[PDB]
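Asks: Chains as they are written, first to last, in PDB author numbering: chain F, 7 to 123; chain C, 1 to 386; chain M, 55 to 514; chain W, 10 to 38; chain N, 44 to 530.
Each residue gets a CB set at the ideal place from its N, CA and C atoms; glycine is no exception.
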Amino acid sequence: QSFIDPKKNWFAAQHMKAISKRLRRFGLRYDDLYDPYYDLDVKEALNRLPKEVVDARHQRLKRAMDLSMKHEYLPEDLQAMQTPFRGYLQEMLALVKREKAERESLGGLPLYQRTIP
Amino acid sequence: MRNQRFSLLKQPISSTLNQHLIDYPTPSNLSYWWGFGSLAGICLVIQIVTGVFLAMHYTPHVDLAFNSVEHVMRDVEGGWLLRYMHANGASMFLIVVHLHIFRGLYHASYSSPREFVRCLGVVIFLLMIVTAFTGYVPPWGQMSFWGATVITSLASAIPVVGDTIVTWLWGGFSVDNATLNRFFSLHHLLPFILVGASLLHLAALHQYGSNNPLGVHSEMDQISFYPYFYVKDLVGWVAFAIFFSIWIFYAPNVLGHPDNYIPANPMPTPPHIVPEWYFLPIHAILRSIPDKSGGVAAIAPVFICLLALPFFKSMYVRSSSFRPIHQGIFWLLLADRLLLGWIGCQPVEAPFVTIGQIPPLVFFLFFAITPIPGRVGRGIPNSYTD
Amino acid sequence: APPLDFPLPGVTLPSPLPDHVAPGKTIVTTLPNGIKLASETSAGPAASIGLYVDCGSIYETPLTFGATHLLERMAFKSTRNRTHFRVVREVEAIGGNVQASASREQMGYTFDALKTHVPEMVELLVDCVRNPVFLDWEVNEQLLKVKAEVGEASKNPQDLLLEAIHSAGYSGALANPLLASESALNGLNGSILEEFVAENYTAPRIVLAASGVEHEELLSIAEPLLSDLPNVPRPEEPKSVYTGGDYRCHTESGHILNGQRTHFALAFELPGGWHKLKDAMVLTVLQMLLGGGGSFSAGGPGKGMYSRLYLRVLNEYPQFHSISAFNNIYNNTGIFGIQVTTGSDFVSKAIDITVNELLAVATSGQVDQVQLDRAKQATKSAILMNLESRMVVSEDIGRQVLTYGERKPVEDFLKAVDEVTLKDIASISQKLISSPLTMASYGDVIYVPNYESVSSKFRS
Amino acid sequence: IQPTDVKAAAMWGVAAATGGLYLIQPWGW
Amino acid sequence: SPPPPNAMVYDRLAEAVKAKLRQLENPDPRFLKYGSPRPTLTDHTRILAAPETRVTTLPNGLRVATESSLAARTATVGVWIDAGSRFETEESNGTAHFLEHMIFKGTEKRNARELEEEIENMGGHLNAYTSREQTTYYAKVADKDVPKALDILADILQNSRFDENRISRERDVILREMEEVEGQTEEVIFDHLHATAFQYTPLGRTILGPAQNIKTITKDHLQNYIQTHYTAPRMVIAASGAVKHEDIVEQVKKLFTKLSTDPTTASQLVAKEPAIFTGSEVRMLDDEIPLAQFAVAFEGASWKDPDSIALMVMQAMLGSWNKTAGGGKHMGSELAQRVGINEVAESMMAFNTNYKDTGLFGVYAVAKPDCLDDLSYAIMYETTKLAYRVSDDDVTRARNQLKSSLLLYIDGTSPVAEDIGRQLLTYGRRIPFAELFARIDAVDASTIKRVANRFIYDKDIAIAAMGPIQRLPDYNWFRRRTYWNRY
Ligand SMILES: CCCCCCCCCCCCCCCCCC(=O)OC[C@H](COP(=O)(O)OCCN)OC(=O)CCCCCCCCCCCCCCCCC
Ligand code: HEM
Ligand code: HEM
Ligand SMILES: [Zn+2]
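#1: Between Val486 of chain N and the rest of its own chain, which residues show a CB-CB distance below 6 angstroms, the 5 nearest in sequence each way excluded?
#2: Mind listing which residues of the stretch 198-231 of chain C have their C-beta closer than 8 angstroms to chain F's C-betas, in chain order?
#3: If you count every other CB in all the chains shown that lies within 10 Å of the CB of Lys297 of chain N, and 16 or more means buried, which is it?
#4: Could you compute how far the alpha carbon of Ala185 of chain N sits from the alpha carbon of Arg523 of chain N?
#5: Who's in the neighbourhood of ligand 3, going by beta-carbon under 6 angstroms from any heavy atom, listed in chain order?
#6: Hey, is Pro46 of chain N's beta-carbon within less than 9 angstroms of any beta-carbon in chain F?
#7: Distance cutoff 9 angstroms, beta carbons only. Does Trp346 of chain N sit that close to anything in chain M?
#8: How would you label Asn504 of chain M, buried or exposed, when you count the other beta carbons within 10 angstroms and need 16 or more for buried?
#9: I believe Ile112 of chain M touches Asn230 of chain M by the beta-carbon criterion, under 8 angstroms. Please report the beta-carbon distance rounded to the nearest angstrom.
#10: Beta carbons nearer than 7 angstroms to chain N: which residues of the stretch 171-200 of chain M have them?
#11: Which residues, in order along the stretch 81-92 of chain F, keep a beta-carbon less than 9 angstroms from a beta-carbon of chain C?
#12: In chain N, which residues lie with their C-beta within 7 angstroms of the C-beta of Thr66 of chain M?
#13: Pick out whichever of N:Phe147, N:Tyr500 and N:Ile491 has its Cα sitting closest to the Cα of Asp436 of chain N.
#14: Considering only their Cβ atoms, is the gap separating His77 of chain F from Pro324 of chain C smaller than 9 angstroms?
#15: From the DSSP secondary-structure annotation, give me the bridge partner or partners of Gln393 of chain M.
#16: Across which residues does DSSP place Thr164 of chain M in a beta bridge pair?
#17: Please report how far the alpha carbon of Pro47 of chain N lies from the alpha carbon of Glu58 of chain F, in whole angstroms.
#18: For ligand 1, which residues have a Cβ under 7 angstroms from at least one heavy atom, in chain order?
#19: Please list, in chain order, all residues of the same chain as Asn87 of chain M whose beta carbon is under 6 angstroms from its beta carbon, the five residues on each side excluded.
#20: Here's a check: name, in chain order, each residue in its chain whose Cβ is nearer than 6 angstroms to the Cβ of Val502 of chain M, leaving out the five neighbours to either side.
#21: Could you list which residues in chain N have their beta carbon closer than 9 angstroms to that of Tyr36 of chain F, in chain order?
#22: Applying the 10 Å Cβ sphere with the 16-neighbour rule, what's the burial state of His20 of chain C?
#23: Along the chain, where does the alpha helix (DSSP H) that runs through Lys13 of chain F open and close?
#24: Flag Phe139 of chain M as yes if its beta-carbon sits less than 9 angstroms from any beta-carbon of chain F, otherwise no.
#25: For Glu449 of chain M, is the beta carbon positioned less than 8 angstroms from some heavy atom of ligand 4?
#26: Going by the beta-carbon positions, is the gap between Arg103 of chain C and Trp33 of chain C smaller than 9 angstroms?
#27: Taking the alpha carbon of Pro57 of chain M as the point to measure from, which residue in N:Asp484, N:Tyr530 and N:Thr469 has its own alpha carbon closest?
#28: Could you work out which residues of chain N lie near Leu115 of chain F, taking near to mean beta carbons separated by less than 9 angstroms?
#29: Nearest-angstrom Cα distance between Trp520 of chain N and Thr321 of chain N?
#30: So, is the C-beta of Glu220 of chain N closer than 9 angstroms to a C-beta in chain M?
#31: Say whether chain N places a C-beta atom closer than 9 angstroms to the C-beta of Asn87 of chain M.
#32: Going by the beta-carbon positions, is the gap between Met165 of chain N and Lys191 of chain N smaller than 9 angstroms?
#33: Hey, quick one: how far does the beta strand (DSSP E) through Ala263 of chain M stretch, first residue to last?
#34: Please report the residue range of the alpha helix (DSSP H) in which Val325 of chain N lies.
#35: Is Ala40 of chain C close to ligand 2? I mean its beta-carbon at under 8 angstroms from any heavy atom of the ligand.
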């Protein structure tokens, strides 16, 4: 987009700095905030990934929840050693959505459905 | 199976209470903003008990209602305590539920999979408003009479059916004894429906668990409910009791209008008619329009937007901690809602017409704007990636 | 639309074919990269198109055991250009049927439909064979299927005995497993299959074969797609030798009380396989002469119930369940033997009877001439009737071009069948009983003699 | 696929209107 | 400050996954030039040409048809008969199957041993099979030796004889054959379905017959039956492959004699005592079995009814699924998609059986005892959605599949001769390919809806179940699931 990019717009670099600061202070990546109960396609995208990546995801989530309960933040060195925005989930999610659309176009039933609450 | 019994708390008799109160798993980083549901439950119970004991000394007739309330306060042992608890616990109950709603708005608790909970909450809010308004009448003062007149005659603005439904509602040609007795029966009935809706609300929440100040998956680190959140609820309850009793014992009339100590007189009108302090935002939105049909049908967008928030389906991050712009919009909406509240208690002239017409515009731009962040931010991973 | 015994009014009819149609000739075409394109024309409205590769279960190092079973299972799935959904849904769109198969020596892919769909069939087949991608989740699904089948793959004792024979009686590449085992299954993933395919599906080892397609169509369609495979010289074939051996596994104790049958077999070899042509058809007619029979069938009286073995074993001995005879003529080598199931006590007696039958066949002077002519006629009729289907014809073209380089016609084979005499069968049997003996037992085995007792009866 | 659904919707609307004119019987309308 | 993207285990694996997803991205048009997944309707006029079917009725009324093609080296000859298991009296029920088993062992001119040694010496073989309305004896032979096969057929049909010890050994082997028909249970389910959907009528009976009857089946019954039902007009002589029509008609006029000339046609035996579909259920409960099998069926069309084409299109668009198939969850029809995605069955197979004056049309699934109600729900949902809102891609795909199946099944000489004989007995004529196509592509969505409303919508059903079926919904559930209250 012409104005979403941080390269050409000065009101997006500030946004990414804020988000990166808030993600680092708890030590978790931007793709960790996607929930498998929310979209029901994140569930498949995560189901198809290798085991070690998902295990690292679970460990990071537990670390952040412990930090929040204790009301503190990671030390400065373990804050320097942090990389948010290093995705592991975008491409698989896009691929799953592409197959979903292509199956919808040519007739075809859905593969999994949200449950009525 | 366990071919011999172990515990009373896992037997069939206590299975429901155990599973849904004692052993239920909750996130371990819930803060103090998660106690107001239980606190509101206790407020509802207080209202019900106090009312069942007031209704043993009150007579619903136009000749007797005022004198029976004063008889309660002057001639029954401790009756002043009952009346003050009731008339101030209504205000406490509204305060607590407002804080509950704004908690839900902050950490974005309406999104999937928790929109049934939000819809049932909105229905509960409607029942609460109806019950309080119907029950502000039976003392039969000046404001009771004239507030009933204004609000229930606001229903003749509707096309052709208007006068018919107003006359059927009033039971006659004006607000008189029939309306009083009718409203008393409705007031005694509605809170039990409120109880049923509350229990359904809780079941709907327990079928997926609660959110947390982070808005992430939370199935790896959970703790039971007892004794870890029971003690936190206890702290909340004791602080609430101190506050409630400061209201009851040392300032029991600050939260009311003085004019309700004058018996109803249909001929003279008060110079400044307003309802209670917790209907003033709706009242200001309602008088903000110079048209009856528009004024009445502007409340409908309020409830439609409150009931249609959950069904926007692009936003991916729930908590406002990682969403600066939506956080700022939340605070600005709070300020605007307080401004409506203050305006709803003023005379209708300059300079209050403009300041009563713009805040509704802001209150609707809130429910219009939020999907735009949804879309514009769905594509955020692709731009900021490292 | 009237009832179906009233012709529809406005239908358009085509031009009927004459009563006599001149047969077509197989046309073989080779490309500079080494790939061969064959074809043929048939009167039927349906065209069968195949694809065959020289790769197989013997080109398996110790690291990639059981890869060909999955290559059979991962046949027509997500490719580089279209998904599994696309492949299935196009194939159903035109109405065609698609299959695949694997054996110890060569791979096969098949696709047949009506004749107006040739370019689509060729394009889909070449895409699904040449440019596959092995995503992990599909492979995991197939591996789960394979393990679930292996958990119940003991219902077929005949293939079990065949695999046991090919294990014990051989020691080289031909001893590799075809139906895989659990360790390789735990060891397999996408990368292994990808490397296997990349290494072994080269240009010189591929050949198309059409059974209802005029040559120009298939040639002009397959030139743009199949002319890009790079040139590489065919690596040499591995080595297998025939040795003696023995294998034994008494059935599970969960089957003993029910009166579990006994299953055992024998084996021999011939030094030259399909390259010893006149030897191969002598072996085939010998197989028909011995024949076989399960005695539990009710089919037509012409299915071989006057073979030597049936007449001289089953009409006399009621203990037997099913006698038989098989063969396996690979490239450059072959296998002949006998396999029988019967009551569990009658085992060494069955060994005696089988030994006597093989000995009687071996020596010269015991075989009647009318029996020889009967076997010759039955063989000729059977092969002529087998060549009638279109799929069998396509398979014949593909395998023959893979093994020789040119389709040797039916006349050659029939003339070779005419070249059988009692001296020739006697000589072939004498060559057959001059090799180590192989045994493989399964069932109630603790009553079975050892390899010593049954090797003692025969020669070296 | 649209025609059958929309026809059924129109007929269900007719049924709803008939029910309304059963519960209320106004000759002034 | 942070580690490079290669320093940790999970980063490397993530990069590998993204590399593969990258190498899946862009396709190549030259591999996507001629095929599309969207079904279309196409004309096949310029390939459907085929040789002629010369039919020559004779003064004795014995039709003779051949499909002459003079390039092959084999040919097949057979005698299809318009008699079967429908035309018995419930006191001689299995007489047809017994007669089939016995006709191969008489022929005084050549004893049994002579028969099989003679047929084996030339290298050919002959078979025989029967059903409720037809009986077949055909010989597959070499081209040079057709006249011998025709002589064998004529002699075995005409001058057969039956012996008492022959009768005894045959009844013993047939009692055995009955004893091993019980281990597969698909024919058991179908026998029960046919004996409850058609109770109190000739189609109710089974082909084998009661064991109460196989014991008392002496030669008198066989002779009376063969003299009554094996008549001159009720037979057709067919032959395909490398034969000539005129030679064949010569020796047919020469050898086929002595046939009983009775004025009894099949139509005037079916006209009285027709088939009446009632609607019932049989539930066999054992509970020691691991799997449950059941079938649910409506009524159907006749052979000459014009709607049988639409019924076959419907059966094609309600296709079959199996746990070892290559489709999986992408298999076109919605019923197969539901069963495959939700994993609620082992296999399902819609069927369509035609007859003269009646028929059947059903599903027949098999599954575990803890998924039976979901399976039944999906089955009935799709069966009714056909009558409500049939789509268009579905119908085009089903028509394509039916065309391909019908033509691809014809391959060889045995299928061709079997086609000729069967069609000459059912339609009274052989449908060409062009007329069959022109009828098949004349079924549209509207015709599907109309025929479904005629046959499916709110009609009775017949059920037959066996095994652990304690969770199978009762009859009222199935009966009420034949209409939708939302329309
Ligand atoms: C003041 C006058 C008011 C009059 C009524 C006004 C109504 C205005 C409401 C406007 C908002 C739009 C509502 C649309 C509802 C359905 C929208 C929807 O998305 O449903 C679909 C969804 C599941 O479908 P999905 O999986 O997403 O699609 C699959 C595609 N392959 O379905 C779900 O996700 C299930 C969610 C269920 C939760 C919502 C249930 C309804 C709300 C409950 C409140 C009612 C309770 C009342 C109790 C007392 C009754 C008197
Ligand atoms: C009598 C009135 C009410 C009662 C008794 C009540 C009670 C509760 C309780 C006990 C909980 C779970 C415990 C907790 O999270 O604190 C809860 C959750 C919730 N309530 Fe209510 N509530 C009431 C009114 C409302 C209203 C009016 C709304 C919205 C307009 C609402 C929205 C919600 C939401 C969104 C949650 C989700 C909690 C989460 O995100 O974890 N509630 N309620
Ligand atoms: C069974 C339940 C209830 C009963 C029997 C009851 C009974 C009564 C009675 C008899 C009065 C008149 C006495 C007086 O005004 O001093 C009254 C007044 C009132 N009630 Fe209730 N009540 C119940 C529940 C509630 C609830 C749940 C609410 C609010 C959510 C409520 C709000 C009010 C209010 C605001 C008044 C006005 C009193 C005043 O302002 O002086 N009541 N109630
Ligand atoms: Zn039989």
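Replies: By the coordinates alone:
#1: As a position in the fifth sequence, residue 486 of chain N is number 443, starting the count at 1. Only residues of its own chain outside the window of five on either side were considered, and among them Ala353 and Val356 have a CB closer than 6 angstroms to the CB of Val486 of chain N, listed in chain order.
#2: Of all residues in the stretch 198-231 of chain C, the ones placed with a Cβ closer than 8 angstroms to any Cβ belonging to chain F are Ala204, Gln207, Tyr208, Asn212, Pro213, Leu214, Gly215, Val216, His217, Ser218, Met220 and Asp221, in chain order.
#3: For the purposes of this step, residue 297 of chain N is identified with residue 254 of the fifth sequence, where counting begins at 1. Exposed, since its Cβ has fewer than 16 Cβ neighbours within 10 Å.
#4: The residue labelled residue 185 of chain N in the question sits at position 142 within the fifth sequence. The residue labelled residue 523 of chain N in the question sits at position 480 within the fifth sequence. The straight-line gap from Cα to Cα measures roughly 58 angstroms.
#5: Counting every residue whose Cβ lies closer than 6 angstroms to a heavy atom of ligand 3, we get C:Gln47, C:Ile48, C:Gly51, C:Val52, C:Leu54, C:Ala55, C:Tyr58, C:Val69, C:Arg83, C:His86, C:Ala87, C:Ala90, C:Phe93, C:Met128, C:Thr131, C:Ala132, C:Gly135, C:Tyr136, C:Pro138, C:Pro139, C:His187, C:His188 and C:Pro191.
#6: In the fifth sequence, residue 46 of chain N corresponds to position 3, counting from 1. Taking Cβ atoms only, chain F reaches closer than 9 angstroms to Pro46 of chain N, which makes this a yes.
#7: As a position in the fifth sequence, residue 346 of chain N is number 303, starting the count at 1. At least one C-beta of chain M is nearer than 9 angstroms to the C-beta of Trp346 of chain N.
#8: Mapped onto the third sequence, residue 504 of chain M falls at position 450. With fewer than 16 other Cβ atoms within 10 Å, it is exposed.
#9: Along the third sequence, read from residue 1 onward, the residue named residue 112 of chain M stands at position 58. Along the third sequence, read from residue 1 onward, the residue named residue 230 of chain M stands at position 176. For a cut-off of 8 angstroms, the C-beta gap from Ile112 of chain M to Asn230 of chain M is around 6 angstroms, short enough to register as a contact.
#10: Taking 7 angstroms as the Cβ-Cβ cut-off against chain N, the residues of the stretch 171-200 of chain M that qualify are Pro173, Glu174, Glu177, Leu178, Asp181 and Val187.
#11: Considering only beta carbons, the part of the stretch 81-92 of chain F lying closer than 9 angstroms to chain C consists of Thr89, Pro90, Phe91 and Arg92, in chain order.
#12: Residue 66 of chain M sits at position 12 when you count from the first residue of the third sequence. Within chain N, the C-beta atoms nearer than 7 angstroms to that of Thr66 of chain M come from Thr88 and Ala477, in chain order.
#13: Stepping through the fifth sequence from its first residue, residue 436 of chain N is reached at position 393. For the options N:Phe147, N:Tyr500 and N:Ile491, the alpha carbon positioned closest to that of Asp436 of chain N is the one of N:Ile491.
#14: Within the second sequence, residue 324 of chain C is the residue found at index 324, counting from 1. Within the first sequence, residue 77 of chain F is the residue found at index 71, counting from 1. Cβ atoms of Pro324 of chain C and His77 of chain F: not closer than 9 angstroms.
#15: On the third sequence, residue 393 of chain M is found 339 positions in, with the first residue counted as 1. Beta-bridge analysis with DSSP links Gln393 of chain M to M:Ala319.
#16: For the purposes of this step, residue 164 of chain M is taken as the residue at position 110 of the third sequence. DSSP, once it has assigned bridges, lists M:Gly104 and M:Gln153 as partnering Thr164 of chain M.
#17: As a first step, residue 47 of chain N is located in the fifth sequence; it is residue number 4 there, counting from the start. As a first step, residue 58 of chain F is located in the first sequence; it is residue number 52 there, counting from the start. Whole-angstrom Cα-Cα distance: 18 angstroms.
#18: Going by the Cβ distance cut-off, the answer is F:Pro116, F:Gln119, F:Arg120, F:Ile122, F:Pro123, C:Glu115, C:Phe116, C:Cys119, C:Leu120, C:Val123, C:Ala300, C:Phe303, C:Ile304, C:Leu307, C:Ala308 and C:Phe311.
#19: Residue 87 of chain M sits at position 33 when you count from the first residue of the third sequence. Excluding sequence neighbours, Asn87 of chain M sits near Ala257, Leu283 and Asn285.
#20: Here residue 502 of chain M refers to the residue found at position 448 when the third sequence is read from its first residue. Contacts found: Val401 and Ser495.
#21: Your numbering for residue 36 of chain F matches position 30 in the first sequence. Under the 9 angstroms cutoff, chain N gives no residues; its nearest Cβ is about 14 angstroms from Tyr36 of chain F.
#22: In the second sequence, counting from the first residue as 1, residue 20 of chain C sits at position 20. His20 of chain C should be labelled exposed.
#23: Your numbering for residue 13 of chain F matches position 7 in the first sequence. For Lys13 of chain F, there is no enclosing alpha helix (DSSP H), as DSSP marks it with neither H nor E.
#24: Taking the third sequence and counting its residues from 1, one reaches residue 139 of chain M at position 85. Yes, contact with chain F.
#25: In the third sequence, the residue the question calls residue 449 of chain M occupies position 395. No, the beta carbon of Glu449 of chain M sits no closer than 8 angstroms to any heavy atom of ligand 4.
#26: Taking the first residue of the second sequence as position 1, residue 103 of chain C is located at position 103. Taking the first residue of the second sequence as position 1, residue 33 of chain C is located at position 33. A contact, by the Cβ cut-off of 9 angstroms.
#27: As a working note, residue 57 of chain M is residue 3 in the third sequence. With distances taken between Cα atoms, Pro57 of chain M lies closest to N:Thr469.
#28: Position 109 of the first sequence, counting from 1, holds the residue named residue 115 of chain F. The contacting residues are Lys372, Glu377, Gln380, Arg381 and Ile384.
#29: Translated into the one-based positions of the fifth sequence, residue 520 of chain N becomes position 477. Translated into the one-based positions of the fifth sequence, residue 321 of chain N becomes position 278. Taken atom to atom, the span from the alpha-carbon of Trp520 of chain N to that of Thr321 of chain N is near 18 angstroms.
#30: Taking the fifth sequence and counting its residues from 1, one reaches residue 220 of chain N at position 177. By this cut-off, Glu220 of chain N is an interface position.
#31: Reading the third sequence from its first residue, position 33 is the one you call residue 87 of chain M. Taking Cβ atoms only, chain N never reaches closer than 9 angstroms to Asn87 of chain M, which makes this a no.
#32: Along the fifth sequence, read from residue 1 onward, the residue named residue 165 of chain N stands at position 122. Along the fifth sequence, read from residue 1 onward, the residue named residue 191 of chain N stands at position 148. Taking 9 angstroms as the Cβ cut-off, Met165 of chain N and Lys191 of chain N qualify as a contacting pair.
#33: Numbered from its first residue, the third sequence carries residue 263 of chain M at position 209. Where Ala263 of chain M is concerned, the enclosing beta strand (DSSP E) stretches over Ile260 to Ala264.
#34: Counted from its first residue, the fifth sequence places residue 325 of chain N at position 282. Bounds of any alpha helix (DSSP H) do not take in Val325 of chain N; it lies within the beta strand (DSSP E) bounded by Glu324 to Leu328.
#35: Residue numbering aside, residue 40 of chain C sits at position 40 when the second sequence is read from its first letter. It does: the Cβ of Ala40 of chain C is within 8 angstroms (strictly closer) of some heavy atom of ligand 2.
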